[PDB]
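**Student:** I need the structure of the sequence given here:
(chains A, B and C)
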Amino acid sequence: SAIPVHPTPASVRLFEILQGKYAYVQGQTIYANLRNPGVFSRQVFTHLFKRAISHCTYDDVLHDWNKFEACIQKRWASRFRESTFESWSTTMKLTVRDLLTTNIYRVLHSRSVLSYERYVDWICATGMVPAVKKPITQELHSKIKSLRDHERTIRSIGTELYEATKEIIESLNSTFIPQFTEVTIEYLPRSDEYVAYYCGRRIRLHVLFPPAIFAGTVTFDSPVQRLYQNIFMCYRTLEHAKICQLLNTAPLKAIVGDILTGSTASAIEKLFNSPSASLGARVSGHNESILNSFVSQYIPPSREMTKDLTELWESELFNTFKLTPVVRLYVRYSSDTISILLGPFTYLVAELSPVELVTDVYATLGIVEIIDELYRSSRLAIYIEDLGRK
Amino acid sequence: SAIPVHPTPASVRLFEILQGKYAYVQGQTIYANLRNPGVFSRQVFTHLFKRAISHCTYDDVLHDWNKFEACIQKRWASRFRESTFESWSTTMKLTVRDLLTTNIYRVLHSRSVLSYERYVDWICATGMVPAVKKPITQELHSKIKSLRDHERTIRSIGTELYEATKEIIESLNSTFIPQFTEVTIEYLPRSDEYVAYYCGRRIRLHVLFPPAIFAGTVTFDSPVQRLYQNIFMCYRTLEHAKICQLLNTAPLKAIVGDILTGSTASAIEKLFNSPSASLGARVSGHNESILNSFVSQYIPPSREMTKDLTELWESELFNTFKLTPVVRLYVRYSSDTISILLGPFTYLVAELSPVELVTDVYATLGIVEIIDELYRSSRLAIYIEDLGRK
Amino acid sequence: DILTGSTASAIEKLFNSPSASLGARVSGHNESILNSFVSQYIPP
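**Tutor:** Numbers count the residues shown, from 1 in each chain, chains lettered A, B, ... in the order given. Below is the structure in question.
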């Protein structure tokens, strides 16, 4: 009256292939390229930054420029203004850049419970994602006070940033994805749905590509499910090649009825006497007689299979996710893989309603130009140019 | 008096070939490139956006520019206007861009019942499409209220967007395409038509390429139906190659009448004694005698077949759908595949009467320039230029 | 069970099947063979 899905041997083997146990080949090492936390943290960095600079207005900047110019002029005529302005501008830019990033980094690289890497291992090789709601403890609640630790245009930004970082913490520390064991998924024929059990308790479960069930089996809609059949035809011949090599090693055959770095004169006297120096085969049912016999060596070709799997992996992962190589030197996210892999994670699993998705160009640049670009098209930037041209 | 079509073994095998069970080759991994949801969601994004900006008029923009310029001038002579205008313009552009996309994305990436991917699996390998009408529940009806949660030119856009997103939701959540099982298709000779049964009930069924029936069989008009004959001639020789390799493995033959990572000195002593070290063949009807005998090894060529299927797949899918590669690096939709695969889905299956089809250029660009282009040729854009040149 | 198998039972199964030899008989119950040959030809 209920058929099991996840704790099945086929599924666990499908999971172990991802760790690398059966036939690891030079093509599979692209999987660890869309698995880095990476891009995710490049998205958060953009929401906190933006928000902050969105607070300044046309009043405080005007008043502060008034005060600063007044002070410098009080210190000690068509060139004076143009000479003093280009210092104030750069000073403001660098003070903002020094204020924000050192606080953002601590929030990024600290400990968290929600792990992006345990999300991809569920999409590939299964198709569906379990989740668990967790209560926010006070041991992280006390960290908010530690997080709490003349120009007004800086005085506001601090508070808005303090408030923006408030919600993201309580959101990042409230969902837990049990990695591989102790989670059970099951199918119910009557009123057909899918259920999930975590240490004897019903929890959430999101389905993205329903596995077809033809009353005998289960088959997922997963990039690994398709390659499951070639990988084993390769791993079962790597194991036969070796059986063929360990039999064509005796120097002479018949039909009957301390070494790597050694002394090279004792090694030989040792090997010439071992029982690994001949081979004796007997074929007789105690009454039969042999009528002919032959000999030859055959060694299956095991070095071309592993040259095919490389292209197979590279193509099956370049198509299904739309990764674009640059020239091969560097492989990176493209505006399509962003959507497919971060839609159902930002808006569906995590309750990160205000966060957008990251632009395709902000996903492969360095930070030095990301800071510049974000500072360029922000409301603070366009007021200073208005101030410059009187 | 009625001949069955779908639950037939031939058909189910034709369906399983698409999942990858018989001979998966490097060419087949183009099929998963026209199967992504992808382009479909790039179409919706264009109808909601456009509609919204279509609402503004020549009145509100004029009055709001009046108010804004009045305020800024009240703050504190041929350069003043030209200096203040280029700030208002960009401010309006970015506020619109920040308003619309964050609401569109939530509607796009949320849950829905109508699945584009279960449409292609019906076109290819069968030719016809079943469908089921579903009632719109109230659990999504309550989500419309959650969806409900100074310049007038923003105040209108919000309402028109709220109304545009209204109909698309109730349209997207009202059609269900049963994937593979529990749907039965049948042919009636008298008054010849095609009928569909879903858990004991007649439903819709759309035919796009009628299968020819020559009174013995059924044959669909499907790209997989043609390749059905080569795929099996290949998969039935991959299985014979292996039978030939597992017989040419004994080191010596006659005619009668813990290993991969081991100790390399115990492995040998184990293998030299196993019954896998010889081969004994007997050919005698208890009274016959052998008159001659020979020996040789033949291993069928199984590495060139799978080099032919690759080109066969690539061509059979490049021609039948008109996909254009860019240089191979990237494969993408072309103005012809758009028509052939999204006509009968937007206007025939789904009742999406107002939606157009997507332009061939808006289907391979990123979002950063799509937003720009859509904002360029819209009625709002052409009023601001009119305002600029007095 | 052959393509993805145990490679130690597959062999013990194949070595005993009747697909391991070939026996040809050419005699009209009274004829005798005078010579014989062997070769493989695979059409292009």
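**Student:** only C-alpha atoms for contact and neighbour calcs from this point on.
**Tutor:** Fine.
**Student:** So what's the residue count around residue A:373?
**Tutor:** 12 (other C-alpha atoms under 10 Å in any protein chain shown).
**Student:** Against residue A:379, how distant is it?
**Tutor:** Distance, residue A:373 to residue A:379, using C-alpha to C-alpha, to the nearest Å: 13 Å.
**Student:** residue boundaries of the helices in chain A?
**Tutor:** A:9-19, A:39-53, A:58-75, A:79-109, A:117-126, A:138-141, A:143-148, A:152-172, A:223-245, A:266-271, A:305-321, A:335-343, A:367-376, A:379-388 (DSSP state H).
**Student:** most distant residue from the middle of chain A?
**Tutor:** Using C-alpha atoms, centre = their mean, the residue of chain A lying farthest from its centre is residue A:287. It sits 65.9 Å away.
**Student:** Distance of that residue relative to residue B:66?
**Tutor:** 115 Å.
**Student:** What residues does the stretch 51-200 of chain A have near chain B?
**Tutor:** Within the stretch 51-200 of chain A, no position lies close to chain B (C-alpha under 8 Å from any C-alpha of the partner chain).
**Student:** and the residue of the stretch 51-200 of chain A nearest chain C?
**Tutor:** Closest residue of the stretch 51-200 of chain A to chain C, C-alpha to the nearest C-alpha: residue A:125 (19.1 Å).
**Student:** so that residue makes contact with residue A:226?
**Tutor:** No: the pair residue A:125 / residue A:226 is not scored as a contact, 9.5 Å apart, by C-alpha atoms under 8 Å.
**Student:** More neighbours: which of the two?
**Tutor:** residue A:125 (24 against 19).
**Student:** give the contact list for the more buried one.
**Tutor:** A:14-15, A:220-225 (C-alpha atoms under 8 Å, 6 or more residues apart in numbering or on different chains).
**Student:** How about residue A:48, nearest residue that isn't a chain neighbour?
**Tutor:** Closest residue in space to residue A:48, ignoring its immediate chain neighbours: residue A:164 at 6.5 Å, by C-alpha to C-alpha, 6 or more residues apart in numbering or on different chains.
**Student:** which residues touch the one you found?
**Tutor:** Residue A:164 touches A:48, A:51-52, counting by C-alpha under 8 Å, 6+ apart.
**Student:** Among these, which one lies nearest to chain B?
**Tutor:** Nearest to chain B among the contacts of residue A:164, with distances taken as C-alpha to the nearest C-alpha, is residue A:51, at 11.7 Å.
**Student:** what are the bridge partners for the residue of the stretch 251-390 of chain A found nearest chain B, then?
**Tutor:** Residue of the stretch 251-390 of chain A nearest chain B, by C-alpha to the nearest C-alpha: residue A:293 (4.1 Å). Taking DSSP bridges as the rule, residue A:293 bridges to residue B:254.
**Student:** Tell me which residues touch it, please.
**Tutor:** By C-alpha under 8 Å, 6+ apart, the neighbours of residue A:293 are B:252-255.
**Student:** again, but for residue A:280
**Tutor:** A:253-256.
**Student:** so what's residue A:60 closest to, chain neighbours aside?
**Tutor:** Per C-alpha to C-alpha, 6+ apart, closest to residue A:60 is residue A:153, 5.9 Å.
**Student:** nope, residue A:390 is what I was after
**Tutor:** Using C-alpha to C-alpha, 6+ apart, the closest residue to residue A:390 is residue B:80 (7.8 Å).
**Student:** ok, that neighbour - how many residues close by?
**Tutor:** Using other C-alpha under 10 Å: residue B:80 sits among 12 other residues.
**Student:** Can you add neighbour count and give the contacts of residue A:293 back as a markdown table?
**Tutor:** Output for those, formatted as a markdown table (neighbours: other C-alpha atoms under 10 Å in any protein chain shown):
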| residue | neighbour count |
| --- | --- |
| B:252 | 20 |
| B:253 | 22 |
| B:254 | 18 |
| B:255 | 20 |
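**Student:** just curious, which of these is nearest to chain C?
**Tutor:** residue B:255 (9.5 Å).
**Student:** gap between the closest one and residue B:290?
**Tutor:** 10 Å.
**Student:** Could you do residue A:128 as well?
**Tutor:** For residue A:128 relative to residue B:290 (C-alpha to C-alpha), the value is 63 Å.
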